[PDB]
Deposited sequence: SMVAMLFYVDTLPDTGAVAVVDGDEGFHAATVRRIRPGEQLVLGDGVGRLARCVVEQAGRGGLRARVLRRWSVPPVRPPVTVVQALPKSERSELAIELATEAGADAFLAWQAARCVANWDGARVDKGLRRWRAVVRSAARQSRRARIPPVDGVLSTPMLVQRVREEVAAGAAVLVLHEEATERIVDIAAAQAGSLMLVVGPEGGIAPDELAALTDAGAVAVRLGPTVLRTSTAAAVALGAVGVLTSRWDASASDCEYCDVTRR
């Protein structure tokens, strides 16, 4: 199976392409791919190109180009992400599971205070992690990563999303409502809210539920920060036209 490589701008059908020094070292020295073998190039924004290897630097000539339309209903994963290796994993698994975008949220039981620069460094790191998972998952569109939202910013976003016809689901353990019995197929968009390891506080939960979000449970399974979004995405895929 052909390996995907992200490029800033996909070249035209006739044109050749050179893979960046670091990404091109992964193909010639790490993987060691012979010239004549055919790889796939992507702009990470919907466009894909089937390329044949001509020649440190990797030279591949486009055979054919095409674009992949965005998956509807798109799913946004809102996750309480601290500065940890566990956050990176959540972001990675959700990307493999097919998450369409990410919103980093600082919940009540998080509070790992960052400056303006640190939030920017932190988001750039997550973007690198998502780019890598997306590449290995042969994804045409790399899901965006944006943050870091406060609860009042998130609550305002839930109000805005619900009004625009989106289904906002808060993955909560002690929820009286099940994911199964939800108006999923009718919704034009979806937003999965995953709280921190310490869980969502009652004050935050009420604020989010009052905005239009619904607290939903994922069966008897205890919601784990690493698996919550990936398991919910598998449920959402079946409930919605996402896999149908």
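Stretches with no C-alpha atoms in the model, relative to the deposited sequence starting at 1: Missing C-alpha atoms (numbering from 1) occur across the ranges 1-2, 58-60, 250-263.
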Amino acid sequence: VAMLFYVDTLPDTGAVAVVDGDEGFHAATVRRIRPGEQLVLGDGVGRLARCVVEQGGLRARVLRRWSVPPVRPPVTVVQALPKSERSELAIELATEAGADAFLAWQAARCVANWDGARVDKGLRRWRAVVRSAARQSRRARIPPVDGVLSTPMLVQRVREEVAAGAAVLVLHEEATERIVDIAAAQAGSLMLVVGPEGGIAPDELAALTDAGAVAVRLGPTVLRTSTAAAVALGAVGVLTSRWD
From here on, numbers count along this sequence of modelled residues.
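If you average the Cα B factors in the entry, which is higher, 180-188 or 25-33? The stretch with the larger average C-alpha B-factor is 25-33.
Looking only at CA atoms, which has the higher mean B factor in the entry: 141-149 or 107-115? Taking the mean B-factor of the alpha carbons in each, 107-115 is higher.
From 53, 215, 49, 194, can you pick the one with the highest C-alpha B factor in the entry? That would be 53, according to the entry.
Based on the PDB record, which member of 95, 79, 132, 84 exhibits the highest Cα temperature factor? Top of the list by C-alpha B-factor: 84.
Classify residue 235 as lowest, middle or highest third according to the C-alpha B-factor given in the PDB entry, relative to its own chain. CA B-factor rank for residue 235: lowest third.
Looking at the entry's B-factor column for C-alpha atoms only, identify whether residue 174 ranks in the lowest, middle or highest third of its chain. Its C-alpha B-factor belongs to the highest third of this chain's values.
Within this chain's modelled residues, let me know which third the CA B factor of residue 155 belongs to: lowest, middle or highest. Middle third, going by the recorded CA B-factors of the chain.
Considering every modelled residue of the chain and its Cα B-factor in the PDB entry, is residue 128 in the lowest, middle or highest third? CA B-factor rank for residue 128: lowest third.
Among the modelled residues of this chain, does the Cα B factor of residue 57 put it in the lowest, middle or highest third? For residue 57, the deposited C-alpha B-factor lands in the highest third.
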